[PDB]
Amino acid sequence: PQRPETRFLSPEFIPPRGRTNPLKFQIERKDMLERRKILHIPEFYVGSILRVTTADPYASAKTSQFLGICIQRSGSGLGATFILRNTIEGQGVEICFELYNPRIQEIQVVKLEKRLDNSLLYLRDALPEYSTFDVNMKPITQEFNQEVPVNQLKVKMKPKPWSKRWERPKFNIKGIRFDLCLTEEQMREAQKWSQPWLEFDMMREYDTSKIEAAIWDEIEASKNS
Amino acid sequence: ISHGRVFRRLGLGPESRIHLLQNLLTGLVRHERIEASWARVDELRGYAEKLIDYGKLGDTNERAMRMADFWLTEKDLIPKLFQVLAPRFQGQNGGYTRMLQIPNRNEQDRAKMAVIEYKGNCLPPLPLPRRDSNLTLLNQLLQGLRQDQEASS
Amino acid sequence: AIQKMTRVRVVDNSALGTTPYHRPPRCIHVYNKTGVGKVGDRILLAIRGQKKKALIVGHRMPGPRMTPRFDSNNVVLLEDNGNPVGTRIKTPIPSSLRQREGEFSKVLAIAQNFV
Amino acid sequence: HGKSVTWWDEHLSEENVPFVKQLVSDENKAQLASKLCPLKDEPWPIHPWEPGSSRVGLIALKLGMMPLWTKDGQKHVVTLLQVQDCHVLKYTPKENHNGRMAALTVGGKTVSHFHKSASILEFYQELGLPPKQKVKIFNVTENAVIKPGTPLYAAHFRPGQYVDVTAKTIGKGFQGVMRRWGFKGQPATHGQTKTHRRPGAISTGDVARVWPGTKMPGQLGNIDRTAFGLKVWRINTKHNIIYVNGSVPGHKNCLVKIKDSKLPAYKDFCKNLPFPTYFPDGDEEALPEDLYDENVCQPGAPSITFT
Amino acid sequence: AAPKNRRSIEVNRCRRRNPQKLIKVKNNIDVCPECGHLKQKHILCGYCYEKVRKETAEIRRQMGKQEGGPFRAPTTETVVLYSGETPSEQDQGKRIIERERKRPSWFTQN
RNA sequence: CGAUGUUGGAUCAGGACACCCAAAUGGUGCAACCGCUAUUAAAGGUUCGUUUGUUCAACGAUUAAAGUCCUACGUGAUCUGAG
Ligand SMILES: [K+]
Ligand SMILES: [K+]
Ligand SMILES: [Mg+2]
Ligand SMILES: [Mg+2]
Ligand SMILES: [Mg+2]
Ligand SMILES: [Mg+2]
Ligand SMILES: [Mg+2]
Ligand SMILES: [Mg+2]
Ligand SMILES: [Mg+2]
Ligand SMILES: [Mg+2]
Ligand SMILES: [Mg+2]
Ligand SMILES: [Mg+2]
Ligand SMILES: [Mg+2]
Ligand SMILES: [Mg+2]
Ligand SMILES: [Mg+2]
Ligand SMILES: [Mg+2]
Ligand SMILES: [Mg+2]
Ligand SMILES: [Mg+2]
Ligand SMILES: [Mg+2]
Ligand SMILES: [Mg+2]
Ligand SMILES: [Mg+2]
Ligand SMILES: [Mg+2]
Ligand SMILES: [Mg+2]
Ligand SMILES: [Zn+2]
């Protein structure tokens, strides 16, 4: 067997599309790399389970723990955020942590996983057993030769209505058992909002390959310096 | 408030906008020089630039084939794109097409016309706006500065 | 964000908050000057035909960063003296309520789980 | 004589267009680099600080926004204001401008010569600087006058100070009365006919006229506004970037007029500041790369512990 | 609403002849160096382009007769040759379009 | 009367002071607290609901206070038509 190498770049390092002087992105990028020297932010995707240790002043112990599945990742630059989902005592709790908040002591990934979707916001309307995670679960270490294995797990759903109309093509959700909860009639009606030309409009795509190469050199130079 | 909107409202909506540019792009590939309204030609320039970029990827790349399948509504132009247009453009990166303002159409609507074409087409050249020759009085005076500047520096 | 005429959920063991009724416990009035209340803001409830004050512990509208968000509007029953009528709270409560100890000492004394 | 319209690129040949661009570009660098010695080219005398004195502001460019955290755990938003090219242009005597305070003129970022007026180009030629984009007038007391042509940097403001910001806000065009003034609209479904966002009654029956102060639909947004009491958190030296708390009026990549705050609380807060401005040559020492306020959590600082 | 009184011709003349409503003159008219006709500075010459368009239609009309089918398109480059000319070595391997008229001056061979 | 369109709401409010609140003050059967009464001041403010077409009124919750009145009992070439 062989072990091919691939690069992982955090999503917040990808500058947003728009009209901002690139000098602003360099200023944020320098501060982000300085913060990463002290706080070790590991590689984690949507669906991976993370434990985050924050510092709250009003607790008996100044540290505070929270373990849950990462529903989504969003934001760019110094204000990157991620949302953790966990259910305790039958109560669903969601917290939107900040990656670069100086009140975070450490970030640990107890299970590195990638799922069929890119934003797991459909767990609010899913069954409770898909959101409950053991608080004191032991960390799991994987070899680099696994390439972040994808967890193909279809999810049951509560009866309608839901938080959002997941049947619509605009969400592109394939990790949900639609056959069990929906009939053929509702599937055809949800297709009336389908827009087939969006995937073929070649001016709407963001080509950031050139930008990523430039910022990789800056990251590599920071480690060497 | 249309701040930051780079696209234009054409036809009967966002879907009709693509189809209008789909027919124009098909005509541009087959004939290599077409004339239409200036607003519609300006939008067509962006797609004609990137369509060649998909052509350079190759005949085997599936994404390029599916992308060329949708835009080339006539099915005898896909072999032409991957075997004539793409091989011709290998040197330049973005200098694929030219846009010039044709005078107003001699009709009631009096629309603003434009001509869009591909480089190196097998057609008579357009009357491009030619710059002044270097022998002109103003150019000769400025060339005196350059000769003196290059003599010392 | 809890405002007038919102169905709420009671998270302490009380005779009034546990006995089933044919009308859900709705909100009557929020004592904030703005017509909408946030976490740790007093509220008046209409439970089983009578009016009881309550304290909101968790809502569903997102708030500031690093603040927990729950899946149900959770309130705790309260009296005019500020002493809760319940005995213990099993549903987790945000840790930010410990900031106010002068008036929430009794409410936080019975809480079990903090997030 | 119906002379035809012309532009700089009309009569230039293809072999001289690159040459002219090089010609003007080399002039700008020579002119800008020849002004980098304010204290070596016979500057005006410098007076010590006095109560009630006002300093000279700058003209900066708004880059964007960043989040910033303090040592107490709170989160603040700072706007990156970059000073690109700032030079004092002309000095007006006290009795010729207002009669109370002198006026100092400050220019904006460098622009092309080929698209400015004849008088504007001629004015800068005598001074020896490339044309500027925006020009603003600053009210400065006689004890803080600066010789025209003296460059200014972002170090003119030291972290900890409160500054004002004046710039044209975002223009939203011809907007209706609901968006412009915030009037409530009519209901949407209870029988209303062709009335959902209209102002409604605009006056009373008796007066038989419309008062001059009446609110009506019209232009919204493209006007000059000022923000007061913005605290300066961090100053960057090499890139000349100023961090200001809160949101400053104006869109991205616009020119912003920055001055010391005129609020009554923030009076005489310039004794511990450079006067009349920061001269890098006189100090003969290298400033830190970044200047931080005492309450700012630095990116290379240990994580917050509330122990 | 309905007008209250008839507008006098004195008022109408002021409105109908205001400088905004008058036709503005054009100062960007120039003579074409090649044909001597009139054109604007930023617009291609109407006479010269019409000269090209007529020739382009003739070339395209000849191509149509060389591909009878509606879905027949060449897979190679195209070169147009006039009377008194023969294909070059670099022009081999390409479809040939023959025109009886002499090669036009503006068209340039490579 | 060869037409001055008529209650209530919705929108927008202009004004008066015989002031409901906010500020200053005299008197008291004013110790303090809570009140009663009088002088001065109109820049700003004067809530959300159940029943009734309702203005009005009753009732629930609250507020520093939920003022009185004029303006074709403002405002249908801006809307509503329950009466
Ligand atoms: K009458
Ligand atoms: K009033
Ligand atoms: Mg919802
Ligand atoms: Mg636009
Ligand atoms: Mg149209
Ligand atoms: Mg364009
Ligand atoms: Mg009852
Ligand atoms: Mg605009
Ligand atoms: Mg509305
Ligand atoms: Mg009608
Ligand atoms: Mg309507
Ligand atoms: Mg009058
Ligand atoms: Mg206007
Ligand atoms: Mg009459
Ligand atoms: Mg009214
Ligand atoms: Mg009023
Ligand atoms: Mg009075
Ligand atoms: Mg009072
Ligand atoms: Mg009336
Ligand atoms: Mg009415
Ligand atoms: Mg009407
Ligand atoms: Mg009327
Ligand atoms: Mg009726
Ligand atoms: Zn011509």
# chains A, B, ... in the order shown; residues from 1 in each chain; ligands from 1
>>> residues_near_ligand(ligand="ligand 17", cutoff="12 Å", atoms="only C-alpha atoms (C1' of nucleotides) and all ligand atoms", output="VMD selection string")
chain F and resid 16 to 19 38 to 42
>>> write_last_selection(atoms="C-alpha atoms (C1' of nucleotides)", output="PDB file, in the first residue's frame")
ATOM      1  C1'   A F  16     -53.031  75.888  22.105  1.00  0.00           C
ATOM      2  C1'   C F  17     -51.960  75.495  27.974  1.00  0.00           C
ATOM      3  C1'   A F  18     -56.988  75.534  31.344  1.00  0.00           C
ATOM      4  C1'   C F  19     -50.099  70.388  32.331  1.00  0.00           C
ATOM      5  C1'   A F  38     -51.229  77.015  44.398  1.00  0.00           C
ATOM      6  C1'   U F  39     -47.524  79.699  41.200  1.00  0.00           C
ATOM      7  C1'   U F  40     -43.821  79.108  36.662  1.00  0.00           C
ATOM      8  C1'   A F  41     -42.491  76.244  32.212  1.00  0.00           C
ATOM      9  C1'   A F  42     -45.236  73.340  25.890  1.00  0.00           C
TER      10        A F  42
END
>>> residues_around(residues="segment 284-287 of chain D", least_positions_apart="6", cutoff="10 Å", atoms="only C-alpha atoms (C1' of nucleotides)", output="PDB file with N, CA and C atoms, in the first residue's frame")
ATOM      1  N   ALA D 155       0.950  57.010  12.340  1.00  0.00           N
ATOM      2  CA  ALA D 155       1.473  57.191  13.687  1.00  0.00           C
ATOM      3  C   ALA D 155       1.072  58.529  14.287  1.00  0.00           C
ATOM      4  N   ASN D 236      -0.982  50.395  13.272  1.00  0.00           N
ATOM      5  CA  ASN D 236       0.025  49.640  12.539  1.00  0.00           C
ATOM      6  C   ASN D 236       0.984  50.619  11.880  1.00  0.00           C
ATOM      7  N   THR D 237       2.280  50.326  11.966  1.00  0.00           N
ATOM      8  CA  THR D 237       3.298  51.283  11.544  1.00  0.00           C
ATOM      9  C   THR D 237       3.671  51.129  10.071  1.00  0.00           C
ATOM     10  N   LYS D 238       4.140  49.942   9.676  1.00  0.00           N
ATOM     11  CA  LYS D 238       4.681  49.785   8.328  1.00  0.00           C
ATOM     12  C   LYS D 238       3.597  49.932   7.264  1.00  0.00           C
TER      13      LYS D 238
END
>>> residues_near_ligand(ligand="ligand 9", cutoff="6 Å", atoms="only C-alpha atoms (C1' of nucleotides) and all ligand atoms", output="list in words")
residues 185, 186 and 187 of chain D
>>> select_by_dssp(residues="segment 14-67 of chain E", states="strand (DSSP E or B)", output="VMD selection string")
chain E and resid 29 to 31 38 to 40
>>> residues_around(residues="segment 11-18 of chain C", least_positions_apart="5", cutoff="7 Å", atoms="only C-alpha atoms (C1' of nucleotides)", output="list in words")
residues 74, 75, 76, 85, 86, 87, 88, 89, 90 and 91 of chain C
>>> residues_around(residues="residue 15 of chain B", least_positions_apart="3", cutoff="10 Å", atoms="only C-alpha atoms (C1' of nucleotides)", output="MDAnalysis selection string")
(chainID A and resid 195:198) or (chainID B and resid 10:12 18:20)
>>> residues_around(residues="residue 24 of chain B", least_positions_apart="3", cutoff="12 Å", atoms="only C-alpha atoms (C1' of nucleotides)", output="PyMOL selection string")
chain B and resi 17-21+27-37+40-45+47-48+71-74+115-117
>>> write_last_selection(atoms="N, CA and C atoms", output="PDB file, in the first residue's frame")
ATOM      1  N   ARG B  17     -32.726  34.332 -19.452  1.00  0.00           N
ATOM      2  CA  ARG B  17     -31.441  34.988 -19.671  1.00  0.00           C
ATOM      3  C   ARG B  17     -30.390  33.995 -20.148  1.00  0.00           C
ATOM      4  N   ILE B  18     -30.348  32.809 -19.540  1.00  0.00           N
ATOM      5  CA  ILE B  18     -29.382  31.797 -19.952  1.00  0.00           C
ATOM      6  C   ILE B  18     -29.679  31.316 -21.367  1.00  0.00           C
ATOM      7  N   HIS B  19     -30.954  31.081 -21.678  1.00  0.00           N
ATOM      8  CA  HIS B  19     -31.307  30.550 -22.991  1.00  0.00           C
ATOM      9  C   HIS B  19     -31.029  31.560 -24.098  1.00  0.00           C
ATOM     10  N   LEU B  20     -31.252  32.848 -23.835  1.00  0.00           N
ATOM     11  CA  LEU B  20     -30.905  33.863 -24.826  1.00  0.00           C
ATOM     12  C   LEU B  20     -29.408  33.867 -25.102  1.00  0.00           C
ATOM     13  N   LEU B  21     -28.594  33.757 -24.052  1.00  0.00           N
ATOM     14  CA  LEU B  21     -27.153  33.664 -24.238  1.00  0.00           C
ATOM     15  C   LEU B  21     -26.730  32.293 -24.747  1.00  0.00           C
ATOM     16  N   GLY B  27     -24.423  30.442 -31.937  1.00  0.00           N
ATOM     17  CA  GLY B  27     -24.140  31.130 -33.183  1.00  0.00           C
ATOM     18  C   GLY B  27     -22.714  31.636 -33.265  1.00  0.00           C
ATOM     19  N   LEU B  28     -22.146  32.047 -32.131  1.00  0.00           N
ATOM     20  CA  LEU B  28     -20.775  32.545 -32.131  1.00  0.00           C
ATOM     21  C   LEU B  28     -19.777  31.430 -32.410  1.00  0.00           C
ATOM     22  N   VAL B  29     -20.035  30.225 -31.900  1.00  0.00           N
ATOM     23  CA  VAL B  29     -19.111  29.120 -32.129  1.00  0.00           C
ATOM     24  C   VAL B  29     -19.159  28.671 -33.585  1.00  0.00           C
ATOM     25  N   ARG B  30     -20.359  28.580 -34.157  1.00  0.00           N
ATOM     26  CA  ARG B  30     -20.489  28.073 -35.520  1.00  0.00           C
ATOM     27  C   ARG B  30     -19.960  29.068 -36.545  1.00  0.00           C
ATOM     28  N   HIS B  31     -20.302  30.348 -36.398  1.00  0.00           N
ATOM     29  CA  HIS B  31     -19.987  31.346 -37.413  1.00  0.00           C
ATOM     30  C   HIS B  31     -18.740  32.163 -37.108  1.00  0.00           C
ATOM     31  N   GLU B  32     -18.297  32.198 -35.852  1.00  0.00           N
ATOM     32  CA  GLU B  32     -17.099  32.886 -35.379  1.00  0.00           C
ATOM     33  C   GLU B  32     -17.197  34.404 -35.470  1.00  0.00           C
ATOM     34  N   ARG B  33     -18.312  34.956 -35.948  1.00  0.00           N
ATOM     35  CA  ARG B  33     -18.520  36.403 -35.920  1.00  0.00           C
ATOM     36  C   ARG B  33     -20.013  36.670 -36.044  1.00  0.00           C
ATOM     37  N   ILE B  34     -20.625  37.181 -34.976  1.00  0.00           N
ATOM     38  CA  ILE B  34     -22.036  37.534 -34.977  1.00  0.00           C
ATOM     39  C   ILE B  34     -22.187  38.941 -34.416  1.00  0.00           C
ATOM     40  N   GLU B  35     -23.317  39.565 -34.744  1.00  0.00           N
ATOM     41  CA  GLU B  35     -23.644  40.906 -34.283  1.00  0.00           C
ATOM     42  C   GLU B  35     -25.006  40.893 -33.607  1.00  0.00           C
ATOM     43  N   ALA B  36     -25.096  41.536 -32.448  1.00  0.00           N
ATOM     44  CA  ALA B  36     -26.344  41.616 -31.704  1.00  0.00           C
ATOM     45  C   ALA B  36     -26.353  42.928 -30.930  1.00  0.00           C
ATOM     46  N   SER B  37     -27.341  43.087 -30.053  1.00  0.00           N
ATOM     47  CA  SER B  37     -27.423  44.288 -29.237  1.00  0.00           C
ATOM     48  C   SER B  37     -26.212  44.386 -28.318  1.00  0.00           C
ATOM     49  N   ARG B  40     -26.508  42.689 -24.866  1.00  0.00           N
ATOM     50  CA  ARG B  40     -26.475  41.232 -24.912  1.00  0.00           C
ATOM     51  C   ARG B  40     -25.109  40.712 -25.340  1.00  0.00           C
ATOM     52  N   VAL B  41     -24.413  41.441 -26.213  1.00  0.00           N
ATOM     53  CA  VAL B  41     -23.075  41.024 -26.625  1.00  0.00           C
ATOM     54  C   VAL B  41     -22.093  41.159 -25.467  1.00  0.00           C
ATOM     55  N   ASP B  42     -22.242  42.207 -24.654  1.00  0.00           N
ATOM     56  CA  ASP B  42     -21.349  42.388 -23.514  1.00  0.00           C
ATOM     57  C   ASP B  42     -21.460  41.226 -22.537  1.00  0.00           C
ATOM     58  N   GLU B  43     -22.684  40.772 -22.260  1.00  0.00           N
ATOM     59  CA  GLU B  43     -22.860  39.600 -21.410  1.00  0.00           C
ATOM     60  C   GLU B  43     -22.282  38.351 -22.062  1.00  0.00           C
ATOM     61  N   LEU B  44     -22.462  38.210 -23.378  1.00  0.00           N
ATOM     62  CA  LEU B  44     -21.978  37.023 -24.076  1.00  0.00           C
ATOM     63  C   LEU B  44     -20.457  36.932 -24.052  1.00  0.00           C
ATOM     64  N   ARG B  45     -19.769  38.068 -23.918  1.00  0.00           N
ATOM     65  CA  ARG B  45     -18.310  38.048 -23.906  1.00  0.00           C
ATOM     66  C   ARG B  45     -17.775  37.249 -22.725  1.00  0.00           C
ATOM     67  N   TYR B  47     -19.075  34.674 -21.140  1.00  0.00           N
ATOM     68  CA  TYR B  47     -19.219  33.232 -21.308  1.00  0.00           C
ATOM     69  C   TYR B  47     -18.308  32.708 -22.410  1.00  0.00           C
ATOM     70  N   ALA B  48     -18.142  33.474 -23.489  1.00  0.00           N
ATOM     71  CA  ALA B  48     -17.272  33.037 -24.575  1.00  0.00           C
ATOM     72  C   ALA B  48     -15.819  32.956 -24.132  1.00  0.00           C
ATOM     73  N   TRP B  71     -24.304  24.234 -23.401  1.00  0.00           N
ATOM     74  CA  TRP B  71     -24.177  25.524 -24.071  1.00  0.00           C
ATOM     75  C   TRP B  71     -24.231  25.398 -25.590  1.00  0.00           C
ATOM     76  N   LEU B  72     -23.656  24.338 -26.152  1.00  0.00           N
ATOM     77  CA  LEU B  72     -23.691  24.126 -27.599  1.00  0.00           C
ATOM     78  C   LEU B  72     -24.961  23.353 -27.927  1.00  0.00           C
ATOM     79  N   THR B  73     -26.035  24.093 -28.211  1.00  0.00           N
ATOM     80  CA  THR B  73     -27.330  23.472 -28.452  1.00  0.00           C
ATOM     81  C   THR B  73     -27.376  22.691 -29.758  1.00  0.00           C
ATOM     82  N   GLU B  74     -26.449  22.944 -30.678  1.00  0.00           N
ATOM     83  CA  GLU B  74     -26.326  22.161 -31.900  1.00  0.00           C
ATOM     84  C   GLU B  74     -25.202  21.152 -31.705  1.00  0.00           C
ATOM     85  N   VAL B 115     -20.307  43.923 -32.392  1.00  0.00           N
ATOM     86  CA  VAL B 115     -19.838  42.763 -33.140  1.00  0.00           C
ATOM     87  C   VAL B 115     -18.858  41.996 -32.265  1.00  0.00           C
ATOM     88  N   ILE B 116     -19.090  40.695 -32.122  1.00  0.00           N
ATOM     89  CA  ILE B 116     -18.264  39.827 -31.296  1.00  0.00           C
ATOM     90  C   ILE B 116     -17.715  38.715 -32.178  1.00  0.00           C
ATOM     91  N   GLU B 117     -16.431  38.409 -32.015  1.00  0.00           N
ATOM     92  CA  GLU B 117     -15.773  37.448 -32.887  1.00  0.00           C
ATOM     93  C   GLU B 117     -14.605  36.808 -32.156  1.00  0.00           C
TER      94      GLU B 117
END
>>> residues_near_ligand(ligand="ligand 2", cutoff="12 Å", atoms="only C-alpha atoms (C1' of nucleotides) and all ligand atoms", output="VMD selection string")
chain F and resid 13 to 17 19 to 21 42 to 46 67 to 68
>>> residues_near_ligand(ligand="ligand 19", cutoff="10 Å", atoms="only C-alpha atoms (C1' of nucleotides) and all ligand atoms", output="list in words")
residues 205 of chain D; 6, 7, 72, 73, 74, 75 and 76 of chain F
>>> residues_around(residues="residue 54 of chain E", least_positions_apart="6", cutoff="12 Å", atoms="only C-alpha atoms (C1' of nucleotides)", output="list in words")
residues 123 and 124 of chain B; 47, 48, 60 and 61 of chain E
>>> residues_near_ligand(ligand="ligand 21", cutoff="8 Å", atoms="only C-alpha atoms (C1' of nucleotides) and all ligand atoms", output="PyMOL selection string")
chain F and resi 76-79
>>> interface_residues(of="chain D", to="chain A", cutoff="9 Å", atoms="only C-alpha atoms", output="JSON, numbers by chain")
{"D": [63, 64, 65, 66, 67, 68, 69, 71, 73, 75, 80, 239, 252, 253, 297, 298, 299, 300, 301, 302, 303, 304, 305, 306, 307]}
>>> write_last_selection(atoms="N, CA and C atoms", output="mmCIF file, in the first residue's frame")
data_model
loop_
_atom_site.group_PDB
_atom_site.id
_atom_site.type_symbol
_atom_site.label_atom_id
_atom_site.label_comp_id
_atom_site.auth_asym_id
_atom_site.auth_seq_id
_atom_site.Cartn_x
_atom_site.Cartn_y
_atom_site.Cartn_z
ATOM 1 N N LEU D 63 -10.639 50.107 4.649
ATOM 2 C CA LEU D 63 -10.439 48.770 4.099
ATOM 3 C C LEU D 63 -11.616 47.851 4.411
ATOM 4 N N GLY D 64 -11.881 47.618 5.693
ATOM 5 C CA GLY D 64 -12.927 46.697 6.093
ATOM 6 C C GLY D 64 -13.109 46.630 7.595
ATOM 7 N N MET D 65 -13.586 45.495 8.102
ATOM 8 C CA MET D 65 -13.833 45.328 9.527
ATOM 9 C C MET D 65 -13.219 44.030 10.026
ATOM 10 N N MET D 66 -12.784 44.051 11.281
ATOM 11 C CA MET D 66 -12.213 42.899 11.959
ATOM 12 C C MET D 66 -12.771 42.817 13.370
ATOM 13 N N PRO D 67 -12.874 41.617 13.928
ATOM 14 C CA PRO D 67 -13.227 41.489 15.342
ATOM 15 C C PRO D 67 -12.007 41.627 16.237
ATOM 16 N N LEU D 68 -12.230 42.208 17.411
ATOM 17 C CA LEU D 68 -11.167 42.444 18.376
ATOM 18 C C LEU D 68 -11.703 42.192 19.776
ATOM 19 N N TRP D 69 -10.886 41.560 20.614
ATOM 20 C CA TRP D 69 -11.286 41.185 21.961
ATOM 21 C C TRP D 69 -10.403 41.879 22.988
ATOM 22 N N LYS D 71 -9.234 42.378 27.296
ATOM 23 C CA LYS D 71 -8.789 41.500 28.373
ATOM 24 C C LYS D 71 -9.913 41.089 29.314
ATOM 25 N N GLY D 73 -12.741 39.917 28.193
ATOM 26 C CA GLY D 73 -13.505 38.929 27.465
ATOM 27 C C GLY D 73 -14.514 39.492 26.489
ATOM 28 N N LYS D 75 -16.120 41.479 23.252
ATOM 29 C CA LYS D 75 -15.787 41.494 21.835
ATOM 30 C C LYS D 75 -16.117 42.860 21.252
ATOM 31 N N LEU D 80 -10.643 48.945 9.759
ATOM 32 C CA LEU D 80 -9.279 49.184 9.304
ATOM 33 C C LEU D 80 -9.262 50.405 8.394
ATOM 34 N N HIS D 239 2.398 49.414 7.523
ATOM 35 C CA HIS D 239 1.306 49.524 6.568
ATOM 36 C C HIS D 239 0.464 50.776 6.759
ATOM 37 N N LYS D 252 -16.836 50.691 1.468
ATOM 38 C CA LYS D 252 -15.470 50.195 1.430
ATOM 39 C C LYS D 252 -14.660 50.919 0.362
ATOM 40 N N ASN D 253 -13.360 51.055 0.624
ATOM 41 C CA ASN D 253 -12.427 51.701 -0.298
ATOM 42 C C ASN D 253 -12.836 53.141 -0.594
ATOM 43 N N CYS D 297 -6.270 42.287 23.817
ATOM 44 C CA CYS D 297 -5.632 40.977 23.820
ATOM 45 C C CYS D 297 -4.831 40.807 22.536
ATOM 46 N N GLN D 298 -3.515 40.741 22.664
ATOM 47 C CA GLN D 298 -2.668 40.620 21.491
ATOM 48 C C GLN D 298 -2.766 39.214 20.901
ATOM 49 N N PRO D 299 -2.544 39.075 19.591
ATOM 50 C CA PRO D 299 -2.594 37.739 18.977
ATOM 51 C C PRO D 299 -1.534 36.786 19.498
ATOM 52 N N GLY D 300 -0.442 37.291 20.063
ATOM 53 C CA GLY D 300 0.598 36.431 20.589
ATOM 54 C C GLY D 300 0.637 36.448 22.101
ATOM 55 N N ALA D 301 -0.536 36.528 22.717
ATOM 56 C CA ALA D 301 -0.686 36.551 24.158
ATOM 57 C C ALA D 301 -1.321 35.254 24.646
ATOM 58 N N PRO D 302 -1.015 34.824 25.869
ATOM 59 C CA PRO D 302 -1.613 33.588 26.383
ATOM 60 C C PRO D 302 -3.125 33.708 26.498
ATOM 61 N N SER D 303 -3.796 32.562 26.399
ATOM 62 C CA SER D 303 -5.252 32.537 26.402
ATOM 63 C C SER D 303 -5.799 33.066 27.723
ATOM 64 N N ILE D 304 -7.011 33.617 27.662
ATOM 65 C CA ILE D 304 -7.599 34.276 28.822
ATOM 66 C C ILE D 304 -7.940 33.243 29.886
ATOM 67 N N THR D 305 -7.477 33.486 31.110
ATOM 68 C CA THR D 305 -7.825 32.678 32.271
ATOM 69 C C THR D 305 -8.452 33.592 33.312
ATOM 70 N N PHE D 306 -9.697 33.302 33.686
ATOM 71 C CA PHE D 306 -10.426 34.111 34.652
ATOM 72 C C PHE D 306 -10.145 33.716 36.097
ATOM 73 N N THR D 307 -9.035 33.033 36.359
ATOM 74 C CA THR D 307 -8.665 32.654 37.719
ATOM 75 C C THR D 307 -8.511 33.876 38.620
#
>>> residues_around(residues="residue 25 of chain D", least_positions_apart="5", cutoff="12 Å", atoms="only C-alpha atoms (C1' of nucleotides)", output="MDAnalysis selection string")
chainID D and resid 18:20 30:32 110:113 130
>>> residues_near_ligand(ligand="ligand 12", cutoff="8 Å", atoms="only C-alpha atoms (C1' of nucleotides) and all ligand atoms", output="list in words")
residues 206, 207, 208 and 209 of chain D
>>> write_last_selection(atoms="N, CA, C and O atoms", output="tab-separated table (two decimals), in the first residue's frame")
chain	number	residue	atom	x	y	z
D	206	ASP	N	-57.08	72.63	7.18
D	206	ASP	CA	-57.23	74.07	7.35
D	206	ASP	C	-56.09	74.85	6.71
D	206	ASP	O	-56.33	75.85	6.02
D	207	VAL	N	-54.85	74.42	6.92
D	207	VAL	CA	-53.70	75.20	6.46
D	207	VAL	C	-53.67	75.31	4.95
D	207	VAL	O	-53.12	76.29	4.42
D	208	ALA	N	-54.24	74.34	4.23
D	208	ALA	CA	-54.34	74.37	2.77
D	208	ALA	C	-52.97	74.48	2.11
D	208	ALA	O	-52.84	75.02	1.01
D	209	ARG	N	-51.93	73.96	2.77
D	209	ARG	CA	-50.59	73.97	2.21
D	209	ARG	C	-49.78	72.88	2.90
D	209	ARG	O	-50.24	72.24	3.85
>>> residues_near_ligand(ligand="ligand 1", cutoff="10 Å", atoms="only C-alpha atoms (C1' of nucleotides) and all ligand atoms", output="list in words")
residues 1, 3 and 4 of chain F
>>> closest_residue(among="F:8, F:66, F:26, F:2", to="ligand 20", atoms="only C-alpha atoms (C1' of nucleotides) and all ligand atoms")
F:8
>>> closest_residue(among="D:224, D:193, D:109, D:176", to="chain B", atoms="only C-alpha atoms")
D:176
